[PDB]
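FYI, it's all coordinate maths here, none of it is from the lab. Every residue, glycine as well, gets a Cβ built from its backbone with ideal geometry; the counts of neighbours run over all protein chains shown.
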Amino acid sequence: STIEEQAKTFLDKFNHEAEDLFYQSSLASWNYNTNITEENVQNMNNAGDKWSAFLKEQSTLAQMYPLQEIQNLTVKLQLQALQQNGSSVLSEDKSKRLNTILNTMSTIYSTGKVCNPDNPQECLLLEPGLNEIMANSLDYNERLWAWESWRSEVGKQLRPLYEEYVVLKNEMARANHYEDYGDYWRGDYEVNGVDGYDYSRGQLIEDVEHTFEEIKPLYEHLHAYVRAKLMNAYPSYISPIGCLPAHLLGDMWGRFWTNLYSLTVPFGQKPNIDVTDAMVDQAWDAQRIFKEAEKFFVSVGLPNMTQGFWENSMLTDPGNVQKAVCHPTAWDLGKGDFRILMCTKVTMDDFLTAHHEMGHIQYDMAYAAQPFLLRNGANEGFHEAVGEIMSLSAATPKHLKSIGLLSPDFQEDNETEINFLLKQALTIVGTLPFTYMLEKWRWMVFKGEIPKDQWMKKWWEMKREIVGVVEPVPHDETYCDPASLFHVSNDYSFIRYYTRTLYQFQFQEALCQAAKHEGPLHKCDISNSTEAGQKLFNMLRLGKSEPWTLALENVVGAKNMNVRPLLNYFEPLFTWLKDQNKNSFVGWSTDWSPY
Amino acid sequence: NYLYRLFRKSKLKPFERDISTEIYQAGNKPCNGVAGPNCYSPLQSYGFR
Ligand SMILES: *[C@@H]1O[C@H](CO)[C@@H](O[C@@H]2O[C@H](CO)[C@@H](O)[C@H](O)[C@H]2NC(C)=O)[C@H](O)[C@H]1NC(C)=O
Ligand SMILES: *[C@@H]1O[C@H](CO)[C@@H](O[C@@H]2O[C@H](CO)[C@@H](O)[C@H](O)[C@H]2NC(C)=O)[C@H](O)[C@H]1NC(C)=O
Ligand SMILES: *[C@@H]1O[C@H](CO)[C@@H](O)[C@H](O)[C@H]1NC(C)=O
Ligand SMILES: *[C@@H]1O[C@H](CO)[C@@H](O)[C@H](O)[C@H]1NC(C)=O
Ligand SMILES: *[C@@H]1O[C@H](CO)[C@@H](O)[C@H](O)[C@H]1NC(C)=O
Ligand SMILES: *[C@@H]1O[C@H](CO)[C@@H](O)[C@H](O)[C@H]1NC(C)=O
């Protein structure tokens, strides 16, 4: 009779037909991803079309229920998720132009081929070749040529496209009652209507700043050490007082620093904790790897894996005749169907990645009971954090000695700990200033704080001021240097990695104090502790029904992002970096002194 | 071909059966027999796979 009961009945109808159509869509997407054949392509296209059509008509019928007179938080959250107009709020011409722009950005990024002048008979693509040269080569001018050529070509062909893209997305966000597209992206963390756990769209930027201000000493020490080692690698090009050259960061864009472990090793004489040899000697197939991951998850208290998971998942590469996507992906088909698409091999890596994806599947299983439109993470960071904590716990020397991969007489001295923490720092602490800088640049360019003709000059300045990386040559506005990255060219949010990074170590501290660990945080294992699995499961079951602040209070006892677990994780490495940076200068200058 | 009743005005008594296919009127406006906004057919299909 009231609006709320109408909303409940409409949501029941929507949930039933949504789960059926979503299952058909996910099954067709799975059949395309495990079997790349043209009939599977057209089946996936038809199912995706019928799903987008359904979610469109149902959103049209869903916007007839105003939210101000609904008091139930679950119904309000589901209707808030359903009533989003996306790109439909514009006119048909502008919407079609926006989709055309997005498609052509995708095709330019995917099929972008940049090669050497005077040798045009064949050319090199980004994914097969550019990652290799930019991640393994030690030649300065070769990396400079590849870096400058790719950014030059892609920037000249993508700058007017991004120029129209920012305007169209800004109009889309402002028609959808948002300040800018940055506010639209920050709206995922917004919590409204719950007392005490309220979180605003605008608060995220200062929270990120407040965490980064405490990130800065550790990052500065790491930067100084990396700079010194690269000075050993490249003698005259890098300055003691200046920033790092941009094409020497181990990746195409400087997102990860994990490719510098060979050059920046603390103790090269000590071996690593690679256990691939023990797996290949004892014949650990992919099935037993997933069974060991299952054993870890039943050790911590979470449910076992379903029968349909073992029956329907393709945990091995099928062969040459049948082509499949090799990307590790966890699939939540729905209707109680959970699968993992992973071309598993025998490696320490794929073992950790299997733990990561099974963490994803456990997260998807806990929240299954929830309604369909709330079957997601509370924010975009929790879903990857709950897999990365499993990847953290499974890589410990204690866990490898428990399951027999590592010898029981293995001596864990401080040098291998320093080595492990530095690899983890290059992978984790290295991506934080780049992520914060890129997201803050995107927020200001959507907000209009950065003038249209001042993009590159502002971006490079921030790279000098935040990341401590200098450009090789000056770039004018004919280039679009941010747009060379996959996430920004294809309309993806980037702050999820920063939030995931913080939530990872927060969850890790909460579980390790729950499991009574008496040593340093990096040695901790959550195996056989059921109180820690229960503490985590109290957050996993919620899904998106509760605020992410409430879920964080459920796990770590705090309702806001904290940077203390990350610095507590890297504390011995922090002391070591303080000890060996006495001769060198910590910190950087924004001048162009290296190049 | 397997259906279940999702919408009914009142709860069922023990050992009772309802075969009615009447459009469930969830709002204030009469449905008039034709399916439309706030008017849902009560029998939903069990799409078994
Ligand atoms: C999504 O788009 C629809 C269609 O424009 C919006 O519905 C209109 O809202 C305005 C303002 O309240 C009304 O004056 C119109 O009469 C509505 N039209 C229809 C057909 O209902 C809807 O408000 C938009 N929702 C959001 C969240 O932006
Ligand atoms: C978690 O519990 C299991 C089961 O009790 C432990 O596995 C045992 O470890 C002891 C080590 O002294 C062996 O003697 C037993 O044979 C093992 N039993 C089985 C069934 O494997 C395991 O070590 C515990 N700890 C961790 C970190 O997994
Ligand atoms: C993959 O697709 C081909 C196309 O005909 C089909 O013959 C084959 O059986 C499929 N494989 C599986 C595992 O379904
Ligand atoms: C919200 O609705 C659900 C069912 O749709 C119900 O289980 C829950 O108790 C309701 N919450 C409140 C606060 O009324
Ligand atoms: C499922 O977990 C229980 C413990 O909760 C265990 O005893 C049982 O063996 C597991 N099932 C399988 C098939 O291993
Ligand atoms: C490791 O511990 C030994 C013994 O205290 C000490 O002499 C050595 O300097 C330490 N090394 C590092 C890298 O901390």
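A few points about this structure:
Table: residues versus (1) away from ligand 4 (no atom under 16 Å from the Cβ); (2) within 28 Å of the chain's Cα centre (by Cα); (3) assigned to a helix (DSSP H, G or I).
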| site | (1), (2), (3) |
| --- | --- |
| A:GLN269 | yes, no, no |
| A:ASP274 | yes, yes, no |
| A:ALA278 | yes, no, yes |
| A:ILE289 | yes, yes, yes |
| A:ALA293 | yes, yes, yes |
| A:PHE309 | yes, yes, yes |
| A:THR316 | yes, yes, no |
| A:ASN320 | yes, no, no |
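- Sub-7 Å Cβ pairs linking a first residue in region A:40-61 that is within 10 Å of A:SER25 (Cα to Cα) to a second residue that is away from ligand 2 (no atom under 16 Å from the Cβ) and of a type in the set (A, V, I, L, M), at least 6 apart or interchain, are A:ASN43/A:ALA28; A:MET44/A:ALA28; A:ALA47/A:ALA28; A:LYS50/A:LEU21; A:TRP51/A:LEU21, ordered by first then second residue.
- Counting only helices (runs of 4 or more DSSP H) that fall entirely inside region A:1-98 and contain at least 2 residues that are touching a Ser or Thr at 6+ places or on another chain (Cβ under 9 Å), away from ligand 2 (no atom under 16 Å from the Cβ) and under 22 Å from A:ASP337 (Cβ atoms), the qualifying elements are A:3-34, A:38-62.
- Tally, over region A:134-158, of residues that are under 27 Å from the mean Cα position of the chain (by Cα) and outside any helix (DSSP H, G or I): 1
- A search for C-beta distances below 8 Å between a residue of region A:162-182 that is free of Cβ contacts under 8 Å to residues at least 24 places away in the same chain and any residue that is surrounded by 20 or more Cβ atoms within 10 Å (Cβ to Cβ), counting only pairs 6+ apart in sequence or on different chains, returns A:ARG174/A:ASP180; A:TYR178/A:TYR184.
- Every residue from region B:12-40 that is farther than 17 Å from A:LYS8 by Cα, within 14 Å of chain A (Cβ to nearest Cβ) and either of a type in the set (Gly, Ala, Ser) or not in a loop (DSSP other than H, G, I, E, B) (or both): B:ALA35
- Hits in region A:356-414 (condition: part of a helix (DSSP H, G or I) and among the small types (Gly, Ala, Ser)): A:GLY359, A:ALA366, A:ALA385, A:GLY387, A:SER391, A:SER393, A:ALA394, A:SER402
- Consider region A:273-292 and keep the residues that are touching a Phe, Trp or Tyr at 6+ places or on another chain (Cβ under 9 Å) and of a type in the set (A, V, I, L, M). The one that is surrounded by the fewest Cβ atoms within 10 Å (Cβ to Cβ) is A:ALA278.
- From A:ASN560, A:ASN538, A:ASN528, residue being surrounded by fewer than 21 Cβ atoms within 10 Å (Cβ to Cβ), part of a helix (DSSP H, G or I) and not hydrophobic (A, V, I, L, M, F, W, C): A:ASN538
- A:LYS50 vs. criteria basic (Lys, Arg) and surrounded by fewer than 17 Cβ atoms within 10 Å (Cβ to Cβ): yes
- Within region B:1-11, the set of residues being within 14 Å of chain A (Cβ to nearest Cβ) and not hydroxyl-bearing (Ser, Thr, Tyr) comprises B:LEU3, B:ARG5, B:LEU6, B:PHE7, B:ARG8, B:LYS9.
- Cβ-Cβ under 9 Å pairs, at least 6 apart or on other chains, region A:469-485 side under 22 Å from A:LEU244 (Cβ atoms) and free of Cβ contacts under 8 Å to residues at least 40 places away in the same chain, far side assigned to a loop (DSSP other than H, G, I, E, B) and among the hydrophobic types (A, V, I, L, M, F, W, C): A:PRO474/A:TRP592
- For A:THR530, the test of being in contact with a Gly (Cβ under 8 Å, 6 or more places away or on another chain) and farther than 29 Å from A:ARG227 by Cβ is passed.
- When A:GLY254 is tested against (1) over 30 Å from A:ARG496 (Cα atoms); (2) surrounded by 16 or more Cβ atoms within 10 Å (Cβ to Cβ), just one condition goes unmet, and that condition is (1).
- For the residues A:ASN40, A:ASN35, the requirement of being more than 9 Å from every other protein chain (Cβ to nearest Cβ), within 16 Å of ligand 3 (Cβ to nearest atom) and surrounded by fewer than 17 Cβ atoms within 10 Å (Cβ to Cβ) singles out A:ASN35.
- Every residue from region A:295-325 that is surrounded by fewer than 12 Cβ atoms within 10 Å (Cβ to Cβ), closer than 30 Å to A:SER527 by Cβ and more than 10 Å from ligand 5 (Cβ to nearest atom): A:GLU311
- Selection of region A:3-28 for residues being without any contact (Cβ under 8 Å) to a residue 24 or more places away in the chain and more than 10 Å from chain B (Cβ to nearest Cβ) yields only A:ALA28.
- The set of residues from region A:543-595 being at positive phi, more than 16 Å from ligand 4 (Cβ to nearest atom) and in contact with a helix residue (DSSP H, G or I) (Cβ under 7 Å, 6 or more places away or on another chain) comprises just one member, A:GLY587.
- Of all the residues in region A:386-423, those that are within 16 Å of ligand 6 (Cβ to nearest atom) and either of a type in the set (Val, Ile, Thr) or under 28 Å from A:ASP364 (Cα atoms) (or both) number 2.
- Sole exception among (1) crowded, with 16+ Cβ neighbours inside 10 Å; (2) over 27 Å from A:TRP443 (Cα atoms); (3) not charged (D, E, K, R) for A:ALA246, by number: (2)
- Just one of the listed residues (A:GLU127, A:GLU122) is away from ligand 4 (no atom under 16 Å from the Cβ), within 30 Å of the chain's Cα centre (by Cα) and of a type in the set (D, E, K, R), namely A:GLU127.
- Complete set of residues in region A:472-516 that are crowded, with 19+ Cβ neighbours inside 10 Å, acidic (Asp, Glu) and not in a helix (DSSP H, G or I): A:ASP481
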